[PDB]
């Protein structure tokens, strides 16, 4: 049952959706909860992770904060060769003070780069940005790529209730295409405009609301035509595609109906079907979904080259999940793509 690094089983295990935190940013969340400027999602999510005495919450916070020996030990213990790291949701996106947001993002990016310099064979970085300032975010995308060795950026879904399909956010996509790097749209809690019915049932987080928020965000980017404007752009999402691959037949059928009937101002003709974009511009990881039928379904729909392994450490750190993935009824060749070579291609490792 021992899980080992080194690839002796035929592939490296590259985990592509792995989280860290900085104490000063967590402290901002606590400040916002204390002063009443935190949104309902931040109260729910970070009220829990930063303050709950539960074993799950306390271990997640300890592990999030570590970018050294302890993290490496946890990777070694589960045979994870490399982890692609990003500042944990929601990043600096909810912060009202632009100067504070840019300062703390800069610090989090420098901290991550330092950690990758210490463990260059184990840690790979994705930058964090502050979409409330799109041109600054463009500057930081360039700095991450040029100076910090990062492989792309992670945006934690909406920024203060606004979505990346607005023309306002264009400089972010412009810069991503300039540096030729992927965008990972990671979940966040829904904004206050949407969260209420999920919050009241305890469904606002990873169990449901994360998938709603993130699937909605990817879908609206597809339907605004982001991939016609930027045909080279790759967007990555976790959690087996936030249900979009399973909804695909219905997405394309209803999208076509809406386009033809002129029902909506922001749903005009696209050069490809939604299926077409999934095959050429969208990439999926299995974070949180260590489940062979769903993985195989997604591989069939999108292509086995477009589906990657992710652990979602430390929110879902489970050695038996790694064992289950190693044991799937897949060819050695498919397994190697899923664990290793797809990530090497798409993140340009």
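Positions refer to the first chain, counted from 1.
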> Comparing 155 to 163 with 260 to 268, which stretch shows the greater average C-alpha B-factor in the deposited entry?
Replying inline: 260 to 268
> Is the mean CA B factor in the deposited entry higher across 240 to 248 or across 143 to 151?
Replying inline: 143 to 151
>> Using only the C-alpha B-factors in the record, can you name which of 216, 72, 198, 105 has the highest?
In response: 72
>> Just the C-alpha B-factor column, please: which of 132, 88, 109, 273 has the biggest number?
In response: 132
> Comparing residue 285 with the other modelled residues of its chain, is its CA B-factor in the lowest, middle or highest third?
Replying inline: lowest
> Where does residue 334 sit by CA temperature factor within its chain: lowest, middle or highest third?
Replying inline: middle
>> Taking only the Cα B-factors deposited for this chain, tell me whether residue 14 sits in the lowest, middle or highest third.
In response: lowest
> Once the chain's modelled residues are ordered by C-alpha B factor and cut into thirds, is residue 79 in the lowest, middle or highest one?
Replying inline: highest
> Of the three thirds of its chain by CA temperature factor, lowest, middle or highest, which one includes residue 202?
Replying inline: middle
